[PDB]
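Presented below is the structure to which this report refers.
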Amino acid sequence: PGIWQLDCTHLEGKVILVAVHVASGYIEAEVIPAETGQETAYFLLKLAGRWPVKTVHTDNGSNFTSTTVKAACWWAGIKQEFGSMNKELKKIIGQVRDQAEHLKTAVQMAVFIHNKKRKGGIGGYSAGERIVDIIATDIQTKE
Amino acid sequence: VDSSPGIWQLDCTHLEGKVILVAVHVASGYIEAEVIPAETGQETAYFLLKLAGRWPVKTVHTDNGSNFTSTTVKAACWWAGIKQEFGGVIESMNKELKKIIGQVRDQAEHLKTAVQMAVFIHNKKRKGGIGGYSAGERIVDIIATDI
């Protein structure tokens, strides 16, 4: 619902900040200069003003130690829990790499591919549609 | 506003020497923004690609056609399946954003931050009192309803 996972990965000497909406599989990514508290804080603010972000997990807790990140989380009302998508995204970026000049562009193309892919089978919906569905349903129940 | 879940508006506004790229989902009033060094086709195309990756973007309108004449923009639109939209809410959002940025500016180090704070404030602001909705709730509802 409002639970996300945020991590950084490296490709071509660049840092890719990847946010995953755990329940839907929806992805949002950004290529940043380097892993810094400032970038993480900035990213969280963007994510927050877009979707209802209540809790953000990570595989590297130290990512969330800076006072800029704590302040961003505090201001936006985001909490964190102390203690496929990623591997898949790298695969997609590989397939699409020769179709964009800069890694940034390729990353967004790959995010687009991921969020639009339709699971031919049970359900039959994409990650981008599922997140919108989950959030819409939640609003409806709380009205 | 009148129509279509896939219609967006895209323009650039200037502040503190930087450029603010603002996208508005016409039907809900939802905003998405980003600070960039200056207006360039590459920036615009990059933004559209991100936008298109999260929302079902069909057409995008702009008050200055030149924004979309760039070959990079055309390549991005072609790839994402977007087309230009030919022909008061939108007029308000741009100025209201600046108002919100101004009132939260000092509260932040970088302009970037102030902009995202303003976007957060705008999208979460409930309109319509009893029974009302925020732009963020509105967009999700409109998109979800369109299957």
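We label chains A, B, ... in the order they appear in the structure tokens, count residues from 1 in each chain, and number ligands from 1 in the order shown.
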Given only C-alpha atoms, how would the per-residue table for chain A near chain B read, listing every residue at most 9 Å away with its closest atom pair and distance in Å to one decimal, sorted by chain and number, as a tab-separated table?
residue	atom	partner	partner_atom	distance
A:26	CA	B:54	CA	8.4
A:27	CA	B:54	CA	8.3
A:28	CA	B:54	CA	7.7
A:29	CA	B:50	CA	8.7
A:41	CA	B:113	CA	8.9
A:42	CA	B:113	CA	6.4
A:45	CA	B:116	CA	6.1
A:46	CA	B:116	CA	5.8
A:48	CA	B:120	CA	6.9
A:49	CA	B:120	CA	3.8
A:50	CA	B:136	CA	6.8
A:51	CA	B:136	CA	7.4
A:52	CA	B:136	CA	8.8
A:76	CA	B:120	CA	8.2
A:104	CA	B:46	CA	8.2
A:105	CA	B:46	CA	6.4
A:108	CA	B:50	CA	5.8
A:109	CA	B:49	CA	6.9
A:110	CA	B:53	CA	8.8
A:111	CA	B:53	CA	6.3
A:112	CA	B:53	CA	4.0
A:113	CA	B:53	CA	7.6
A:114	CA	B:53	CA	8.5
A:115	CA	B:53	CA	6.6
A:116	CA	B:53	CA	7.6
A:128	CA	B:54	CA	6.2
A:129	CA	B:144	CA	7.4
A:130	CA	B:144	CA	8.9
A:132	CA	B:140	CA	5.6
A:133	CA	B:144	CA	5.5
A:134	CA	B:144	CA	9.0
A:135	CA	B:140	CA	7.0
A:136	CA	B:141	CA	5.5
A:137	CA	B:141	CA	8.7
A:139	CA	B:137	CA	7.4
A:140	CA	B:141	CA	8.9
A:143	CA	B:131	CA	8.1
Inset, instruction - Could you tell me, as a PyMOL selection string, which residues of segment 29-128 of chain B DSSP assigns to strand (DSSP E) when given the backbone? - result: chain B and resi 30-36+59-61+83-84+126-127
Inset, instruction - Using DSSP on the backbone, list every residue of chain A that comes out as alpha helix (DSSP H), and give them as a ChimeraX atom specification. - result: /A:37-50,67-76,85-96,103-116,127-142
Legend entry - Test item: residues at most 8 Å from residue 44 of chain B, only C-alpha atoms, excluding those fewer than 4 positions along its chain, as a list in words: residues 21, 39, 40, 48, 67 and 73 of chain B
Would you mind exporting the chosen residues as an mmCIF file, in the first residue's frame, restricted to N, CA and C atoms?
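So the final result, stored in part_7.cif, reads:
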data_model
loop_
_atom_site.group_PDB
_atom_site.id
_atom_site.type_symbol
_atom_site.label_atom_id
_atom_site.label_comp_id
_atom_site.auth_asym_id
_atom_site.auth_seq_id
_atom_site.Cartn_x
_atom_site.Cartn_y
_atom_site.Cartn_z
ATOM 1 N N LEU B 21 10.898 22.489 -14.915
ATOM 2 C CA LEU B 21 10.090 21.782 -15.888
ATOM 3 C C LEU B 21 8.855 21.290 -15.122
ATOM 4 N N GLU B 39 16.589 25.047 -20.613
ATOM 5 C CA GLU B 39 15.668 24.388 -21.524
ATOM 6 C C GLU B 39 16.418 23.789 -22.704
ATOM 7 N N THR B 40 16.366 22.471 -22.838
ATOM 8 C CA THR B 40 17.017 21.795 -23.952
ATOM 9 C C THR B 40 16.146 20.609 -24.353
ATOM 10 N N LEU B 48 9.836 13.494 -20.324
ATOM 11 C CA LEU B 48 8.706 12.811 -20.951
ATOM 12 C C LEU B 48 8.834 11.301 -20.800
ATOM 13 N N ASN B 67 9.237 23.628 -28.172
ATOM 14 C CA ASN B 67 9.648 22.694 -27.130
ATOM 15 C C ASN B 67 9.664 21.269 -27.657
ATOM 16 N N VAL B 73 13.383 14.913 -28.710
ATOM 17 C CA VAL B 73 12.023 14.868 -28.184
ATOM 18 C C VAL B 73 11.172 13.971 -29.097
#
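One distance worth recording is that between atom CA of residue 74 of chain A and atom CA of residue 14 of chain B, which is 28.9 Å.
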Considering only C-alpha atoms, return as a PDB file with N, CA, C and O atoms, in the first residue's frame whatever protein or nucleic-acid residues lie within 8 Å of segment 58-60 of chain B, sequence-local ones (same chain, fewer than 5 positions apart) excluded.
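Final file, selection_24.pdb:
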ATOM      1  N   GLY B   6      -5.344  10.714 -20.519  1.00  0.00           N
ATOM      2  CA  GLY B   6      -3.990  10.692 -21.044  1.00  0.00           C
ATOM      3  C   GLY B   6      -3.439  12.026 -21.495  1.00  0.00           C
ATOM      4  O   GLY B   6      -2.363  12.078 -22.101  1.00  0.00           O
ATOM      5  N   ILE B   7      -4.157  13.105 -21.212  1.00  0.00           N
ATOM      6  CA  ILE B   7      -3.698  14.417 -21.624  1.00  0.00           C
ATOM      7  C   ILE B   7      -2.926  15.137 -20.530  1.00  0.00           C
ATOM      8  O   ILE B   7      -3.378  15.238 -19.384  1.00  0.00           O
ATOM      9  N   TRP B   8      -1.752  15.631 -20.894  1.00  0.00           N
ATOM     10  CA  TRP B   8      -0.903  16.357 -19.972  1.00  0.00           C
ATOM     11  C   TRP B   8      -0.487  17.668 -20.600  1.00  0.00           C
ATOM     12  O   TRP B   8      -0.581  17.853 -21.813  1.00  0.00           O
ATOM     13  N   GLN B   9      -0.012  18.572 -19.760  1.00  0.00           N
ATOM     14  CA  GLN B   9       0.465  19.875 -20.180  1.00  0.00           C
ATOM     15  C   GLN B   9       1.925  19.922 -19.727  1.00  0.00           C
ATOM     16  O   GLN B   9       2.253  19.407 -18.659  1.00  0.00           O
ATOM     17  N   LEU B  10       2.797  20.538 -20.514  1.00  0.00           N
ATOM     18  CA  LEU B  10       4.215  20.612 -20.168  1.00  0.00           C
ATOM     19  C   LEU B  10       4.805  21.968 -20.539  1.00  0.00           C
ATOM     20  O   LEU B  10       4.705  22.397 -21.686  1.00  0.00           O
ATOM     21  N   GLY B  81       5.301   6.221 -27.583  1.00  0.00           N
ATOM     22  CA  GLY B  81       3.939   6.208 -28.099  1.00  0.00           C
ATOM     23  C   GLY B  81       3.141   7.422 -27.660  1.00  0.00           C
ATOM     24  O   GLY B  81       1.947   7.326 -27.358  1.00  0.00           O
ATOM     25  N   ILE B  82       3.812   8.566 -27.609  1.00  0.00           N
ATOM     26  CA  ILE B  82       3.193   9.818 -27.206  1.00  0.00           C
ATOM     27  C   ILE B  82       3.038  10.672 -28.454  1.00  0.00           C
ATOM     28  O   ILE B  82       3.784  10.523 -29.412  1.00  0.00           O
ATOM     29  N   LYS B  83       2.057  11.558 -28.439  1.00  0.00           N
ATOM     30  CA  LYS B  83       1.832  12.472 -29.539  1.00  0.00           C
ATOM     31  C   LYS B  83       1.535  13.821 -28.909  1.00  0.00           C
ATOM     32  O   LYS B  83       1.178  13.905 -27.728  1.00  0.00           O
ATOM     33  N   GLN B  84       1.719  14.879 -29.683  1.00  0.00           N
ATOM     34  CA  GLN B  84       1.458  16.219 -29.199  1.00  0.00           C
ATOM     35  C   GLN B  84      -0.052  16.440 -29.190  1.00  0.00           C
ATOM     36  O   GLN B  84      -0.769  15.887 -30.029  1.00  0.00           O
ATOM     37  N   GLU B  85      -0.532  17.200 -28.209  1.00  0.00           N
ATOM     38  CA  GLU B  85      -1.949  17.525 -28.092  1.00  0.00           C
ATOM     39  C   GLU B  85      -2.164  18.811 -28.864  1.00  0.00           C
ATOM     40  O   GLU B  85      -1.524  19.830 -28.575  1.00  0.00           O
TER      41      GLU B  85
END
Legend entry - All residues 10 Å or closer to residue 17 of chain B, only C-alpha atoms, same chain fewer than 2 positions away omitted, as number ranges by chain: B: 14-15, 19-20, 36-38
Kindly export the residues of the current selection with N, CA, C and O atoms, as a PDB file, in the first residue's frame.
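Final output, part-v9.pdb:
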ATOM      1  N   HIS B  14      11.097  29.826 -15.063  1.00  0.00           N
ATOM      2  CA  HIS B  14      12.434  30.156 -14.576  1.00  0.00           C
ATOM      3  C   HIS B  14      12.452  30.713 -13.166  1.00  0.00           C
ATOM      4  O   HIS B  14      11.525  31.418 -12.763  1.00  0.00           O
ATOM      5  N   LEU B  15      13.512  30.394 -12.422  1.00  0.00           N
ATOM      6  CA  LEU B  15      13.658  30.853 -11.044  1.00  0.00           C
ATOM      7  C   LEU B  15      15.085  30.639 -10.538  1.00  0.00           C
ATOM      8  O   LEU B  15      15.663  29.571 -10.740  1.00  0.00           O
ATOM      9  N   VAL B  19      15.948  26.359 -14.371  1.00  0.00           N
ATOM     10  CA  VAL B  19      14.705  26.151 -15.100  1.00  0.00           C
ATOM     11  C   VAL B  19      13.887  25.052 -14.441  1.00  0.00           C
ATOM     12  O   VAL B  19      14.408  23.995 -14.097  1.00  0.00           O
ATOM     13  N   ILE B  20      12.609  25.323 -14.227  1.00  0.00           N
ATOM     14  CA  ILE B  20      11.716  24.349 -13.624  1.00  0.00           C
ATOM     15  C   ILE B  20      10.792  23.790 -14.699  1.00  0.00           C
ATOM     16  O   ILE B  20      10.053  24.527 -15.356  1.00  0.00           O
ATOM     17  N   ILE B  36      16.212  21.931 -13.837  1.00  0.00           N
ATOM     18  CA  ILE B  36      17.234  21.612 -14.821  1.00  0.00           C
ATOM     19  C   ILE B  36      18.062  22.877 -15.054  1.00  0.00           C
ATOM     20  O   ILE B  36      17.640  23.975 -14.680  1.00  0.00           O
ATOM     21  N   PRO B  37      19.274  22.730 -15.623  1.00  0.00           N
ATOM     22  CA  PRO B  37      20.163  23.866 -15.899  1.00  0.00           C
ATOM     23  C   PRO B  37      19.549  24.874 -16.864  1.00  0.00           C
ATOM     24  O   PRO B  37      19.615  26.084 -16.637  1.00  0.00           O
ATOM     25  N   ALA B  38      18.953  24.369 -17.941  1.00  0.00           N
ATOM     26  CA  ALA B  38      18.318  25.221 -18.939  1.00  0.00           C
ATOM     27  C   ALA B  38      17.429  24.375 -19.834  1.00  0.00           C
ATOM     28  O   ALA B  38      17.495  23.144 -19.804  1.00  0.00           O
TER      29      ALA B  38
END
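Atom CA of residue 54 of chain A is positioned 6.0 Å from atom CA of residue 79 of chain A.
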Legend entry - Interatomic distance (Å, one decimal) between atom CA of residue 24 of chain A and atom CA of residue 117 of chain A: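 One can read the atom CA of residue 24 of chain A to atom CA of residue 117 of chain A distance as 12.4 Å.
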Inset, instruction - Point out the residue among A:60, A:126, A:67, A:5 with the least atom-to-atom distance to residue 38 of chain A, counting only C-alpha atoms. - result: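 Nearest candidate to residue 38 of chain A out of A:60, A:126, A:67, A:5: A:67.
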Inset, instruction - Name all residues at most 12 Å from residue 65 of chain A (count only C-alpha atoms; drop same-chain ones fewer than 6 positions away) and give them as a list in words. - result: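 Counting only the stated atoms, we get residues 36, 37, 38, 40, 41, 58, 71, 72, 73, 80 and 82 of chain A.
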Grab the residues selected above and save them as a PDB file, in the first residue's frame with C-alpha atoms.
ATOM      1  CA  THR A  36      24.901  10.846  -1.066  1.00  0.00           C
ATOM      2  CA  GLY A  37      22.429  11.688   1.663  1.00  0.00           C
ATOM      3  CA  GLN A  38      21.331  14.718  -0.366  1.00  0.00           C
ATOM      4  CA  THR A  40      18.492  10.085  -1.310  1.00  0.00           C
ATOM      5  CA  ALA A  41      16.627  12.867   0.535  1.00  0.00           C
ATOM      6  CA  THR A  58      16.386  -0.724   2.225  1.00  0.00           C
ATOM      7  CA  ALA A  71      14.628  15.622   7.880  1.00  0.00           C
ATOM      8  CA  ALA A  72      13.090  14.665   4.529  1.00  0.00           C
ATOM      9  CA  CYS A  73      11.432  11.598   6.081  1.00  0.00           C
ATOM     10  CA  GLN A  80      11.680   3.322   7.980  1.00  0.00           C
ATOM     11  CA  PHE A  82      15.362  -0.724  11.170  1.00  0.00           C
TER      12      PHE A  82
END
